[PDB]
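Novice: Can you read through this structure? Questions will come right after.
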Amino acid sequence: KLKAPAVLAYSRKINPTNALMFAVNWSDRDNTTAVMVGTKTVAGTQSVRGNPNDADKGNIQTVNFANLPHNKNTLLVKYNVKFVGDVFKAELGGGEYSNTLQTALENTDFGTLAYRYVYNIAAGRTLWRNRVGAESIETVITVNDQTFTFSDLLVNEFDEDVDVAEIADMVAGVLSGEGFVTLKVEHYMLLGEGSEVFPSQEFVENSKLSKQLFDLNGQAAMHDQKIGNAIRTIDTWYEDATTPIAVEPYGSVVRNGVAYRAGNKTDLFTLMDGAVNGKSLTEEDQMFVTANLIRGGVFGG
Amino acid sequence: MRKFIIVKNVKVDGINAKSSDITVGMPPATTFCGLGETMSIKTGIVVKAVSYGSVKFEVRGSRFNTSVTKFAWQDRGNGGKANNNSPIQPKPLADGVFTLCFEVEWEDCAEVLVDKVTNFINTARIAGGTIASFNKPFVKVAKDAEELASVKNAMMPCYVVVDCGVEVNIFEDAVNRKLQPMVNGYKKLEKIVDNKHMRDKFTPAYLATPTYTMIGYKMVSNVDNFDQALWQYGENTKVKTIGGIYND
Amino acid sequence: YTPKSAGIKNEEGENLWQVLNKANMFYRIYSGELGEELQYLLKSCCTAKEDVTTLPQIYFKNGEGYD
DNA sequence: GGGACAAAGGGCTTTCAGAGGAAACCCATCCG
DNA sequence: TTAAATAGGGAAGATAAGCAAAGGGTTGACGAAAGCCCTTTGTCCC
């Protein structure tokens, strides 16, 4: 039957860094200034569903904000991404299960996955709600001493492009066994003067502040997990629900509370131990399994 | 309650922590009373009472199952099998730093006593341990009960043993009253007839078992009467304190 | 104490140390509540045996003198 | 040379017996 | 290189959701009280 081992894990093949935010002009994008956070205190009312008796009371809260200065009208978000190869190599265990899975795999097409990974960065899905309120977004990508500029719209419904292909082919070769490649990504926006930015929030227990924002030495930044989550939102290989989501086992979004790829014979683990046990997978199943194996995770039990 | 001599911060290593079959830790007041008697007989100076305080103490090992010391072949009955790991016969050890107060009756001078005490301490033992270092002794003079507080406070800092007495027995009192037992004397069972293997052929010999009493540990500055913190030999082979049962 | 502590166990399996110390039959026999047949034989075993080799020996003050 | 006793030493040894059990305490002052 | 003289009252501090699974925890050495036999030494007898 060749059951999965008790302990079996894989490493992460796409490494993003913490993005940093700067305030620059649209025509003077050379000199950069950092964005601080600060703290403010606000007053308001109490509007809680099911508590109407305290509707005439006040409310005092302490929050953290972040916004552009009144003389700068462009937000620059910069980060680095690293792609590494040597996929289908189990970090823990695997002498026959991993080899059988690799033999059943690696016949798929890495070109589409490499194209979509680069497109999610070029179109500008990596930067979150900071997108709204902007009329022009410009992306600069540097790799192997070769600069590329993008102004691509329509982040959904991945379309054909010329400059994206000549980086996608480079990434695809590295994915199926090579060393490493590195991309430097910069994003410029036209939010305006004095507009508000949205750095990543952080989990905190009971404290004085009601909302604090992630920062590095006082400068607003973004979590690398959040950056990497938007890159792998390429799962368009299930029955319904277009505008795809991220690739995860039992592909689900906790924000909406719905779990796609539920117990209806389309899961990561069912396909993994069905591929090695005789029957192979389809093209979409192979791309899903390979894409989810590029993502980390532990499988076993 | 006239002349006292203080020796503080005395470091002793390898103290025999086993005082009886059920008490492991601090030596009982009998050990210090015997040390005082040995000092009196060897030096020629009458010593009335002894007081001891525990600055530091630690039994070698862990919370439970203290330790085992390796043994060696030293008897004349072997030679063939005396080559591998002689039996155990367990004997625990500990390390501690103490402070001692001695009641002395001597009026010839003031500085000769310090020298005569320092001479004896350099070659003495505490429950089988070896003395590493100690401070220079000093003498305090008490004329009445009110200034006894000063000589008491001269012993800072340490924890002194006070006597609280036994109610029923040590086993029930320890669980209920939350105190620790201690050996205060020996009870004779039956006389030794054959005097061949004994260390002395003139002193009468007896078989004795320890008698247990419950004690407590108190800070020096919190002692009400200093006479409750001094121990001396009593009647019927017992060691008792001047102040009797300690009461707050 | 008996050499090698061998003895013979009961049908359920008990030695004398467990039997006499289970529910205080020792005092039930020492007093003589079970008769005078099991009273003399048990008391015959209560004999002293002196042995001082490898034992501690300490001097204690007893009035004027030492013991 | 043979018999008995004791001591010392070694070895042939070897005889003898046997599964409970659960967890971090005591305690704040003299002296320069 | 200054004397004194006081330093505000009132209201009020949000809510909801969730904290992962799998694998392993070492071995060796620390006996007393005899039974028998042999050898040696020493004493005594024949």
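Novice: Give the residue that is farthest from B:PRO28 (Cα to Cα), with candidates limited to residues of segment B:57-82 that are charged (D, E, K, R) and within 13 Å of DNA strand E (Cβ to nearest atom). Reasoning before the result, please.
Specialist: As a first pass, look at segment B:57-82 and keep what is charged (D, E, K, R): B:58, B:60, B:63, B:70, B:75-76, B:81.
Applying the additional criterion that residues be within 13 Å of DNA strand E (Cβ to nearest atom) yields B:70, B:75, B:81.
On the way: B:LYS70: 26, B:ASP75: 31, B:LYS81: 39 Å.
The selected residue is B:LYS81.
Novice: Enumerate the pairs (first residue in segment C:1-13 and within 15 Å of DNA strand E (Cβ to nearest atom); second residue anywhere and small (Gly, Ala, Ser)) with beta-carbon separation below 8 Å, excluding pairs fewer than 6 apart on the same chain, so at least 6 apart or on different chains.
Specialist: Nothing qualifies.
Novice: Can I ask one more? If you check A:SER200 against the conditions, is it under 18 Å from A:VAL63 (Cα atoms) and in contact with a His (Cβ under 6 Å, 6 or more places away or on another chain)?
Specialist: Details: under 18 Å from A:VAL63 (Cα atoms): yes; in contact with a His (Cβ under 6 Å, 6 or more places away or on another chain): yes.
Yes.
Novice: All but one of (1) part of a helix (DSSP H, G or I); (2) at positive phi hold for A:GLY124; which doesn't?
Specialist: (1)
Novice: Could you look through segment A:22-68, keep only residues that are outside any loop (DSSP other than H, G, I, E, B), more than 12 Å from DNA strand E (Cβ to nearest atom) and among the β-branched types (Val, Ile, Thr), and pick out the one that is farthest from the other protein chains (Cβ to nearest Cβ)?
Specialist: The residue in question is A:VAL24.
Novice: How many residues are buried (at least 21 other Cβ atoms within 10 Å of the Cβ) and more than 15 Å from the chain's Cα centre (by Cα) when one looks only at segment B:9-37?
Specialist: 0
Novice: For segment B:44-86, give me each residue that is among the β-branched types (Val, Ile, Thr), more than 14 Å from DNA strand D (Cβ to nearest atom) and surrounded by 12 or more Cβ atoms within 10 Å (Cβ to Cβ).
Specialist: Taking segment B:44-86 as the starting set, the residues that turn out to be among the β-branched types (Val, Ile, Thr) are B:45-47, B:50, B:55, B:59, B:66, B:68-69.
Now drop any that are not more than 14 Å from DNA strand D (Cβ to nearest atom), which leaves B:45-47, B:50, B:59, B:66, B:68-69.
Within segment B:44-86, B:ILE45, B:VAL47, B:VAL50, B:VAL59, B:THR66, B:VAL68, B:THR69 meet the criteria.
Novice: Another question about this same structure. Give me a count of the residues in segment A:1-13 that are surrounded by fewer than 18 Cβ atoms within 10 Å (Cβ to Cβ) and away from DNA strand E (no atom under 16 Å from the Cβ).
Specialist: 2
Novice: Does A:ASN264 qualify as being surrounded by fewer than 16 Cβ atoms within 10 Å (Cβ to Cβ), free of Cβ contacts under 8 Å to residues at least 40 places away in the same chain and among the polar types (S, T, N, Q)? Before you say what the answer is, go through the steps one by one.
Specialist: Details: surrounded by fewer than 16 Cβ atoms within 10 Å (Cβ to Cβ): yes; free of Cβ contacts under 8 Å to residues at least 40 places away in the same chain: yes; among the polar types (S, T, N, Q): yes.
For A:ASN264, the condition - surrounded by fewer than 16 Cβ atoms within 10 Å (Cβ to Cβ), free of Cβ contacts under 8 Å to residues at least 40 places away in the same chain and among the polar types (S, T, N, Q) - is met.
Novice: If you don't mind, there's one more thing I want to ask. Of the residues B:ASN176, B:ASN195, which single one is without any contact (Cβ under 8 Å) to a residue 12 or more places away in the chain and farther than 27 Å from C:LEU55 by Cα? Lay out the reasoning, then the answer.
Specialist: On the way: B:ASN195 fails: farther than 27 Å from C:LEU55 by Cα.
None of the others qualify; the one that does is B:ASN176.
Novice: For segment C:23-45, give me each residue that is assigned to a loop (DSSP other than H, G, I, E, B) and surrounded by 12 or more Cβ atoms within 10 Å (Cβ to Cβ).
Specialist: Looking only at segment C:23-45, we keep the residues that are assigned to a loop (DSSP other than H, G, I, E, B), and these are C:23-24, C:31-36, C:45.
The answer is C:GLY32, C:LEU34.
Novice: Determine whether segment A:33-56 contains at least one residue that is of a type in the set (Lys, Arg) and surrounded by 12 or more Cβ atoms within 10 Å (Cβ to Cβ). If you could, list the steps in order and put the result at the bottom.
Specialist: Applying the first criterion (of a type in the set (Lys, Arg)) to segment A:33-56 yields A:40, A:49.
With the extra rule that they be surrounded by 12 or more Cβ atoms within 10 Å (Cβ to Cβ), the set shrinks to none.
Looking through segment A:33-56, none of the residues is of a type in the set (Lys, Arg) and surrounded by 12 or more Cβ atoms within 10 Å (Cβ to Cβ).
Novice: Sticking with this structure for a sec: How many residues does segment B:168-220 contain that are within 16 Å of DNA strand D (Cβ to nearest atom), under 22 Å from B:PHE32 (Cβ atoms) and among the small types (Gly, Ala, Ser)?
Specialist: The qualifying residues number 1.
Novice: Which is surrounded by 18 or more Cβ atoms within 10 Å (Cβ to Cβ) and over 27 Å from A:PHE299 (Cα atoms), of A:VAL164, A:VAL81? Outline the logic, then answer.
Specialist: Details: A:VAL81 fails: over 27 Å from A:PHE299 (Cα atoms).
Every option except A:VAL164 fails the conditions.
Listed here are the residues, each with its yes/no results for (1) within 16 Å of DNA strand E (Cβ to nearest atom); (2) of a type in the set (S, T, N, Q).
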site: B:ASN84; (1), (2): yes, yes
site: B:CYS101; (1), (2): no, no
site: B:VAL117; (1), (2): no, no
site: B:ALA124; (1), (2): no, no
site: B:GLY128; (1), (2): no, no
site: B:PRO137; (1), (2): no, no
site: B:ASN153; (1), (2): no, yes
site: B:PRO157; (1), (2): no, no
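Novice: Which residue is farthest from C:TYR1 (Cα to Cα), if the candidates are limited to segment C:31-67 and must be facing chain B (nearest Cβ under 8 Å) and hydrophobic (A, V, I, L, M, F, W, C)?
Specialist: Only one residue fits best here, namely C:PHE60.
Novice: A further question on this structure: For residues that are hydroxyl-bearing (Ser, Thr, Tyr) and surrounded by fewer than 19 Cβ atoms within 10 Å (Cβ to Cβ), scanning just segment B:216-234, find the one that is farthest from B:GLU147 (Cα to Cα). Lay out the reasoning, then the answer.
Specialist: Quick first cut of segment B:216-234, residues hydroxyl-bearing (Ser, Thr, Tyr) only: B:217, B:221, B:233.
Remaining after also requiring surrounded by fewer than 19 Cβ atoms within 10 Å (Cβ to Cβ): B:217, B:221.
On the way: B:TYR217: 23, B:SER221: 14 Å.
Checked segment B:216-234; the qualifying residue farthest from B:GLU147 (Cα to Cα) is B:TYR217.
Novice: Out of B:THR237, B:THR213, B:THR209, B:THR203, I need the residue that is farther than 27 Å from B:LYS3 by Cα, within 14 Å of chain C (Cβ to nearest Cβ) and either buried (at least 17 other Cβ atoms within 10 Å of the Cβ) or touching a residue at least 12 places away in the same chain (Cβ under 8 Å) (or both). Which one? Before the answer, list the steps.
Specialist: Values: B:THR237 fails: farther than 27 Å from B:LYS3 by Cα; B:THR213 fails: within 14 Å of chain C (Cβ to nearest Cβ); B:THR203 fails: either buried (at least 17 other Cβ atoms within 10 Å of the Cβ) or touching a residue at least 12 places away in the same chain (Cβ under 8 Å) (or both).
Matching residue, one of B:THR237, B:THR213, B:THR209, B:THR203: B:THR209.
Novice: Further, regarding this structure: Can you name the residue in segment C:11-20 that is part of a loop (DSSP other than H, G, I, E, B) and surrounded by 11 or more Cβ atoms within 10 Å (Cβ to Cβ) and, of all such residues, is nearest to DNA strand D (Cβ to nearest atom)? Break it down stepwise before answering.
Specialist: Taking segment C:11-20 and keeping what is part of a loop (DSSP other than H, G, I, E, B), we get C:11-15.
So of that shortlist, the ones also surrounded by 11 or more Cβ atoms within 10 Å (Cβ to Cβ) come out as C:14-15.
On the way: C:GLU14: 10, C:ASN15: 7 Å.
Among residues in segment C:11-20 that are part of a loop (DSSP other than H, G, I, E, B) and surrounded by 11 or more Cβ atoms within 10 Å (Cβ to Cβ), the one nearest to DNA strand D (Cβ to nearest atom) is C:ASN15.
Novice: Going residue by residue through segment B:114-136, is there one that turns out to be without any contact (Cβ under 8 Å) to a residue 24 or more places away in the chain, closer than 28 Å to B:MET219 by Cβ and assigned to a loop (DSSP other than H, G, I, E, B)?
Specialist: Yes; the residues of segment B:114-136 include at least one that is without any contact (Cβ under 8 Å) to a residue 24 or more places away in the chain, closer than 28 Å to B:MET219 by Cβ and assigned to a loop (DSSP other than H, G, I, E, B).
Novice: Sort out which residues of segment A:55-93 are among the acidic types (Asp, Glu) and within 30 Å of A:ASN206 (Cα to Cα), and write them in order of number.
Specialist: Initially, segment A:55-93 is screened for residues among the acidic types (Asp, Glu), giving A:56, A:86, A:91.
Selection gives A:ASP56 alone.
Novice: Does any residue in segment B:74-102 that is part of a loop (DSSP other than H, G, I, E, B) come within less than 7 Å, Cβ to Cβ, of a residue that is of a type in the set (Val, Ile, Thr) six or more places away or on a different chain, and which pairs are these?
Specialist: B:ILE88/B:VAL68; B:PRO90/B:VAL68; B:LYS91/B:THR69; B:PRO92/B:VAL24; B:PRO92/B:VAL59; B:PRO92/B:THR66
Only the coordinates and a few stated rules stand behind these numbers; no lab work does. Because the Cβ atoms are built from the backbone with ideal geometry, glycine has one as well, and the counts that use them run over all protein chains shown.
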